[PDB]
Amino acid sequence: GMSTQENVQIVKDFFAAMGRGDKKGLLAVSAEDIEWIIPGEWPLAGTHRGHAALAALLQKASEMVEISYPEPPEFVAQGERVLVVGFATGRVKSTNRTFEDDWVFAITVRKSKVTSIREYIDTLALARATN
Amino acid sequence: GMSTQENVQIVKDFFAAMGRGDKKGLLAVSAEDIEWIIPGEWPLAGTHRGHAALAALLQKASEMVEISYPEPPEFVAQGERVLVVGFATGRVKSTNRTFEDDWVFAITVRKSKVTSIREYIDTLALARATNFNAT
(Lines give C-alpha, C1' and ligand atoms only; values in the text may rest on other atoms or scores of the structure.)
Protein backbone atom coordinates (compact mmCIF):
# COMPACT_ATOMS: atom_id res chain seq x y z
CA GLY A 1 0.00 0.00 0.00
CA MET A 2 1.03 3.61 -0.59
CA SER A 3 -0.07 4.98 2.80
CA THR A 4 2.79 6.58 4.73
CA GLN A 5 1.20 5.70 8.09
CA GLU A 6 0.55 2.09 7.07
CA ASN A 7 4.13 1.69 5.89
CA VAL A 8 5.42 3.15 9.15
CA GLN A 9 3.31 0.57 11.00
CA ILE A 10 4.77 -2.26 8.86
CA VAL A 11 8.22 -1.07 9.91
CA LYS A 12 7.10 -0.99 13.58
CA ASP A 13 5.68 -4.52 13.18
CA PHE A 14 8.99 -5.70 11.69
CA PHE A 15 10.94 -4.25 14.70
CA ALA A 16 8.41 -5.61 17.18
CA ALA A 17 8.51 -9.13 15.68
CA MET A 18 12.33 -9.04 16.08
CA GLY A 19 11.84 -7.81 19.67
CA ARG A 20 9.50 -10.75 20.40
CA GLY A 21 11.86 -13.13 18.58
CA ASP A 22 8.81 -13.98 16.49
CA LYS A 23 10.67 -15.58 13.57
CA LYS A 24 7.52 -16.32 11.56
CA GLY A 25 5.94 -12.90 12.14
CA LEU A 26 9.18 -11.18 11.16
CA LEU A 27 9.36 -13.12 7.88
CA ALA A 28 5.66 -12.43 7.22
CA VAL A 29 6.48 -8.72 6.80
CA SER A 30 9.83 -9.20 5.00
CA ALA A 31 10.43 -9.58 1.28
CA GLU A 32 11.93 -12.94 0.30
CA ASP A 33 14.80 -10.88 -1.19
CA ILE A 34 15.03 -8.37 1.66
CA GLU A 35 18.40 -6.60 1.55
CA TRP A 36 19.85 -5.20 4.80
CA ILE A 37 23.14 -3.24 4.46
CA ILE A 38 25.19 -2.57 7.55
CA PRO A 39 28.35 -0.51 7.08
CA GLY A 40 31.67 -0.51 8.93
CA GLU A 41 33.99 -3.11 10.38
CA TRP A 42 32.26 -4.91 13.22
CA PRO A 43 30.70 -8.34 13.48
CA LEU A 44 27.26 -7.36 12.04
CA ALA A 45 28.71 -5.41 9.11
CA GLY A 46 27.83 -6.62 5.66
CA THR A 47 25.07 -7.06 3.12
CA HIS A 48 22.47 -9.50 4.36
CA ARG A 49 20.04 -10.74 1.69
CA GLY A 50 17.00 -13.00 2.06
CA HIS A 51 15.07 -14.71 4.80
CA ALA A 52 17.87 -17.05 5.90
CA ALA A 53 20.20 -14.04 6.19
CA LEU A 54 17.63 -12.02 8.17
CA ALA A 55 17.10 -14.83 10.67
CA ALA A 56 20.84 -15.31 11.02
CA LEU A 57 21.47 -11.57 11.58
CA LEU A 58 18.75 -11.48 14.32
CA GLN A 59 20.37 -14.34 16.16
CA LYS A 60 23.92 -12.95 15.76
CA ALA A 61 22.95 -9.51 17.05
CA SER A 62 21.09 -10.99 20.06
CA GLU A 63 24.14 -13.00 21.00
CA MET A 64 26.81 -10.44 20.34
CA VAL A 65 25.42 -7.26 21.97
CA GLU A 66 23.14 -5.90 24.62
CA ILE A 67 21.33 -2.83 23.23
CA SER A 68 19.09 -0.20 24.81
CA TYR A 69 17.17 2.73 23.34
CA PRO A 70 16.78 5.53 25.96
CA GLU A 71 14.03 7.23 23.92
CA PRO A 72 11.64 5.95 21.28
CA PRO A 73 12.83 6.39 17.71
CA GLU A 74 11.61 9.07 15.33
CA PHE A 75 9.94 8.25 12.01
CA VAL A 76 10.30 10.49 8.98
CA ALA A 77 8.36 8.89 6.18
CA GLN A 78 6.87 9.51 2.77
CA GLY A 79 4.86 6.74 1.08
CA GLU A 80 6.94 3.56 0.85
CA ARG A 81 10.04 5.23 2.18
CA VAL A 82 10.43 5.07 5.99
CA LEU A 83 13.44 6.63 7.73
CA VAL A 84 13.92 5.72 11.36
CA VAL A 85 16.12 8.08 13.48
CA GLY A 86 17.31 6.99 16.89
CA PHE A 87 20.00 6.51 19.47
CA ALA A 88 21.33 3.36 21.14
CA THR A 89 23.63 2.47 24.00
CA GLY A 90 25.07 -1.03 24.00
CA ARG A 91 27.57 -3.42 25.51
CA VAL A 92 29.52 -5.83 23.34
CA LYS A 93 29.30 -9.09 25.23
CA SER A 94 32.63 -10.49 23.90
CA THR A 95 34.67 -7.35 24.77
CA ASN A 96 32.41 -6.05 27.66
CA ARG A 97 33.05 -2.63 26.07
CA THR A 98 30.21 -0.21 25.85
CA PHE A 99 29.30 2.04 22.93
CA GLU A 100 26.85 4.76 21.91
CA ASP A 101 25.40 5.33 18.45
CA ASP A 102 23.25 7.94 16.75
CA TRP A 103 21.72 6.13 13.81
CA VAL A 104 19.35 6.28 10.87
CA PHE A 105 17.76 3.24 9.24
CA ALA A 106 16.50 4.05 5.76
CA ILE A 107 13.83 1.50 4.79
CA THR A 108 11.89 0.81 1.62
CA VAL A 109 8.62 -1.08 1.85
CA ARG A 110 7.20 -2.60 -1.35
CA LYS A 111 3.81 -4.28 -1.54
CA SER A 112 3.56 -4.14 2.21
CA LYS A 113 6.86 -5.98 2.85
CA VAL A 114 10.12 -4.61 4.12
CA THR A 115 12.40 -4.82 1.07
CA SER A 116 15.52 -2.64 1.55
CA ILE A 117 17.30 -1.45 4.71
CA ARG A 118 20.47 0.63 4.89
CA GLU A 119 21.93 1.66 8.21
CA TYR A 120 23.82 4.92 8.75
CA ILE A 121 25.73 4.56 11.99
CA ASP A 122 28.80 5.62 13.92
CA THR A 123 31.04 3.01 12.34
CA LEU A 124 34.12 4.32 14.20
CA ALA A 125 32.42 3.94 17.57
CA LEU A 126 31.21 0.40 16.77
CA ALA A 127 34.67 -0.60 15.50
CA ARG A 128 36.32 0.65 18.68
CA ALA A 129 33.85 -1.28 20.84
CA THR A 130 34.49 -4.51 19.00
CA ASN A 131 38.25 -4.03 18.34
CA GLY B 1 0.19 16.77 8.03
CA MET B 2 1.58 20.10 6.89
CA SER B 3 2.88 20.50 3.34
CA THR B 4 6.68 19.93 3.04
CA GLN B 5 7.20 21.40 -0.45
CA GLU B 6 8.46 24.69 0.94
CA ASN B 7 10.86 23.05 3.41
CA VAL B 8 12.34 20.84 0.70
CA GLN B 9 12.91 23.89 -1.53
CA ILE B 10 14.67 25.69 1.38
CA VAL B 11 16.93 22.71 1.91
CA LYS B 12 17.60 22.61 -1.85
CA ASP B 13 18.33 26.42 -1.66
CA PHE B 14 20.69 25.68 1.27
CA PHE B 15 22.94 23.47 -0.86
CA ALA B 16 22.25 25.81 -3.82
CA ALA B 17 23.96 28.72 -2.05
CA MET B 18 26.55 26.21 -0.84
CA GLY B 19 27.82 24.97 -4.22
CA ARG B 20 27.40 28.39 -5.85
CA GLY B 21 29.31 29.75 -2.83
CA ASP B 22 26.55 32.30 -2.29
CA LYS B 23 27.67 33.30 1.22
CA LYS B 24 24.89 35.85 1.78
CA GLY B 25 22.36 33.47 0.18
CA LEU B 26 23.42 30.38 2.18
CA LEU B 27 23.10 32.33 5.43
CA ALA B 28 19.86 33.81 4.08
CA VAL B 29 18.34 30.32 4.49
CA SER B 30 20.27 29.56 7.73
CA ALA B 31 18.90 30.25 11.22
CA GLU B 32 21.09 32.56 13.29
CA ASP B 33 21.32 29.77 15.90
CA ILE B 34 21.91 27.08 13.22
CA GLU B 35 23.52 23.93 14.68
CA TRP B 36 25.39 21.47 12.42
CA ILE B 37 26.54 18.26 14.05
CA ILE B 38 29.22 16.11 12.43
CA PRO B 39 30.14 12.83 14.13
CA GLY B 40 33.40 10.88 14.30
CA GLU B 41 37.11 11.78 14.67
CA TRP B 42 38.29 13.75 11.69
CA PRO B 43 38.94 17.46 10.99
CA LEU B 44 35.27 18.44 10.45
CA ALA B 45 33.87 16.58 13.45
CA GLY B 46 32.04 18.55 16.11
CA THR B 47 29.05 20.81 16.54
CA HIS B 48 29.30 24.00 14.49
CA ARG B 49 27.00 26.73 15.85
CA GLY B 50 26.01 30.02 14.23
CA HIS B 51 26.81 31.77 10.98
CA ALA B 52 30.52 32.37 11.60
CA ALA B 53 31.04 28.69 12.47
CA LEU B 54 29.05 27.71 9.34
CA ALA B 55 31.35 29.85 7.20
CA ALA B 56 34.46 28.45 8.90
CA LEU B 57 33.23 24.87 8.37
CA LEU B 58 32.64 25.43 4.65
CA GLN B 59 36.11 27.06 4.34
CA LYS B 60 37.82 24.28 6.25
CA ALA B 61 36.03 21.58 4.18
CA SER B 62 37.21 23.27 0.92
CA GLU B 63 40.76 23.23 2.29
CA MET B 64 40.93 19.62 3.37
CA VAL B 65 38.72 17.46 1.17
CA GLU B 66 37.67 17.04 -2.45
CA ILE B 67 34.11 15.73 -2.56
CA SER B 68 31.94 14.56 -5.46
CA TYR B 69 28.30 13.51 -5.52
CA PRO B 70 27.85 11.20 -8.55
CA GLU B 71 24.02 11.22 -8.38
CA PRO B 72 21.44 13.60 -6.98
CA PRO B 73 20.30 13.04 -3.40
CA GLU B 74 16.91 11.86 -2.20
CA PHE B 75 14.71 14.07 -0.06
CA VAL B 76 12.37 12.48 2.48
CA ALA B 77 10.25 15.14 4.20
CA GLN B 78 7.61 15.03 6.94
CA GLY B 79 6.55 17.77 9.32
CA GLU B 80 9.45 20.13 10.00
CA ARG B 81 11.99 17.48 8.98
CA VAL B 82 13.86 16.92 5.71
CA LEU B 83 16.21 13.96 5.59
CA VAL B 84 18.62 14.07 2.67
CA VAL B 85 19.95 10.66 1.59
CA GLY B 86 23.02 10.51 -0.63
CA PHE B 87 26.38 9.14 -1.62
CA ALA B 88 29.76 10.81 -2.05
CA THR B 89 33.19 9.94 -3.26
CA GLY B 90 36.17 11.94 -2.07
CA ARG B 91 39.84 12.47 -1.51
CA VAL B 92 41.58 13.90 1.53
CA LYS B 93 44.08 16.51 0.40
CA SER B 94 46.69 16.08 3.18
CA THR B 95 46.88 12.31 3.09
CA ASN B 96 45.84 11.74 -0.60
CA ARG B 97 43.56 8.93 0.68
CA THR B 98 40.28 8.25 -1.10
CA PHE B 99 36.86 7.27 0.33
CA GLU B 100 33.25 6.66 -0.48
CA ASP B 101 30.47 7.63 1.98
CA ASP B 102 26.79 6.70 2.14
CA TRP B 103 25.28 9.50 4.17
CA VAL B 104 22.14 11.03 5.63
CA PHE B 105 21.72 14.70 6.59
CA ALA B 106 18.80 15.03 9.01
CA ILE B 107 17.56 18.59 8.81
CA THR B 108 14.98 20.59 10.78
CA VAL B 109 13.48 23.66 9.11
CA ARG B 110 11.59 26.29 11.12
CA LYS B 111 10.40 29.76 10.08
CA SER B 112 11.70 29.04 6.56
CA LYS B 113 15.28 28.65 7.84
CA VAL B 114 17.48 25.60 8.32
CA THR B 115 17.85 25.33 12.10
CA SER B 116 19.48 21.95 12.86
CA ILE B 117 21.54 19.54 10.82
CA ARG B 118 22.94 16.22 11.99
CA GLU B 119 25.07 14.07 9.67
CA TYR B 120 25.11 10.28 9.70
CA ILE B 121 28.26 9.16 7.86
CA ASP B 122 30.89 6.40 7.66
CA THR B 123 32.94 7.73 10.57
CA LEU B 124 35.43 4.80 10.47
CA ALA B 125 36.16 5.48 6.79
CA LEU B 126 36.64 9.22 7.33
CA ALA B 127 38.88 8.67 10.39
CA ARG B 128 41.05 6.28 8.35
CA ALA B 129 41.20 8.60 5.32
CA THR B 130 42.18 11.61 7.46
CA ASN B 131 44.61 9.63 9.64
CA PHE B 132 42.27 10.33 12.63
CA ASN B 133 42.89 14.07 12.54
CA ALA B 134 40.44 15.43 15.08
CA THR B 135 41.88 18.93 14.26
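The chains referred to below are lettered A, B, ... by the order of the sequence lines, with proteins before strands, and numbering in each begins at 1. Just the heavy atoms: all of them, side chains too, but no hydrogens, waters or symmetry mates, feed the values below.
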Among the clusters formed by ILVMFWY side chains lying less than 4.5 Å apart, do [X] and [Y] turn up in the same one?
X         : Y         : answer
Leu57(A)  : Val84(A)  : yes
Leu54(A)  : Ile67(A)  : yes
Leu83(A)  : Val8(A)   : no
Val104(A) : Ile117(B) : no

State, yes or no, whether a side-chain contact exists between [X] and [Y] at a heavy-atom distance under 4.5 Å.
X         : Y         : answer
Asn7(B)   : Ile107(B) : no
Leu126(B) : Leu44(B)  : no
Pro39(A)  : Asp102(B) : no
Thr89(A)  : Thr98(A)  : no
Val82(A)  : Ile10(A)  : no
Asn133(B) : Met64(B)  : yes
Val11(B)  : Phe105(B) : no

- Please name all residues satisfying side chain to side chain donor-acceptor pair (under 3.5 Å) with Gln78(B), sequence neighbours left out, ordered by chain then number.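 For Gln78(B) there are no side chain to side chain donor-acceptor pair (under 3.5 Å) partners, ignoring immediate neighbours.
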- Applied to residues 67-99 of chain B, the ring-ring contact (aromatic ring centres under 6.0 Å, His included) test, sequence neighbours excluded, yields none
- Message: Tell me every residue that passes ring-ring contact (aromatic ring centres under 6.0 Å, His included) with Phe14(A), counting only those two or more places apart in sequence or in another chain.
- Response: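 Partners of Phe14(A) under the ring-ring contact (aromatic ring centres under 6.0 Å, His included) test: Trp36(A).
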- Sequence neighbours excluded - side chain to side chain donor-acceptor pair (under 3.5 Å) pairs with any residue from residues 38-48 of chain B: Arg128(A)-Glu41(B)
Using every non-hydrogen atom in the two residues, find where [X] and [Y] come nearest and quote the distance to one decimal.
X         : Y         : answer
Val109(A) : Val114(A) : CG1-N, 4.2 Å
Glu100(B) : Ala125(B) : O-CB, 4.5 Å
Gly25(B)  : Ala17(B)  : C-CB, 3.6 Å
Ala88(B)  : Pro70(B)  : CA-CD, 4.4 Å

- Message: So, using side-chain contact (heavy atoms from CB on, under 4.5 Å) as the criterion, who are the partners of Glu74(B) when residues are at least two apart?
- Response: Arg81(A), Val76(B), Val85(B)
- Message: My understanding is that only residues two or more places apart in sequence, or in another chain, count here; which of them pass side-chain contact (heavy atoms from CB on, under 4.5 Å) with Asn131(B)?
- Response: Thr95(B), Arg97(B)
Interatomic distance, [X] atom [atom1] to [Y] atom [atom2] [nearest 0.5 angstrom]:
X         : Y         : atom1 : atom2 : value
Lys23(A)  : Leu58(A)  : NZ    : CG    : 8.0 Å
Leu27(A)  : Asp22(A)  : CG    : CG    : 9.0 Å
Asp122(B) : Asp122(A) : CG    : CG    : 9.5 Å
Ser112(A) : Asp13(A)  : OG    : CG    : 11.0 Å
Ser30(B)  : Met18(B)  : OG    : CE    : 6.5 Å

- Short side-chain to backbone donor-acceptor contact, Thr115(B) and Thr108(B), under 3.5 Å: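 Yes; at least one donor-acceptor contact below 3.5 Å.
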- Residues that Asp101(B) engages under salt bridge (charged side-chain N to carboxylate O under 4.0 Å, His left out), provided they are two or more places apart: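 If we apply the salt bridge (charged side-chain N to carboxylate O under 4.0 Å, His left out) test to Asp101(B), skipping adjacent residues, there are no hits.
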- salt bridge (charged side-chain N to carboxylate O under 4.0 Å, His left out) against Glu6(B), all qualifying residues, sequence neighbours excluded: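 Not a single residue meets the salt bridge (charged side-chain N to carboxylate O under 4.0 Å, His left out) criterion with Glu6(B).
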- What pairs meet the salt bridge (charged side-chain N to carboxylate O under 4.0 Å, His left out) rule with one or both residues in residues 30-39 of chain A, with sequence neighbours excluded?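 Sorted pair list: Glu35(A)-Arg49(A).
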- Which pairs, with at least one residue in residues 59-69 of chain B and sequence neighbours excluded, count as a salt bridge (charged side-chain N to carboxylate O under 4.0 Å, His left out)? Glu66(B)-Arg91(B), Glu66(B)-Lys93(B)
- Taking the hydrophobic residues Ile, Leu, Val, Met, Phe, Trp and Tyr, and joining any pair whose side-chain heavy atoms are under 4.5 Å apart, which ones share a cluster with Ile37(B)?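 Its cluster mates, by chain and number: none.
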- Remaining members of the apolar cluster that contains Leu124(B), side-chain heavy atoms under 4.5 Å: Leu124(A), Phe132(B)
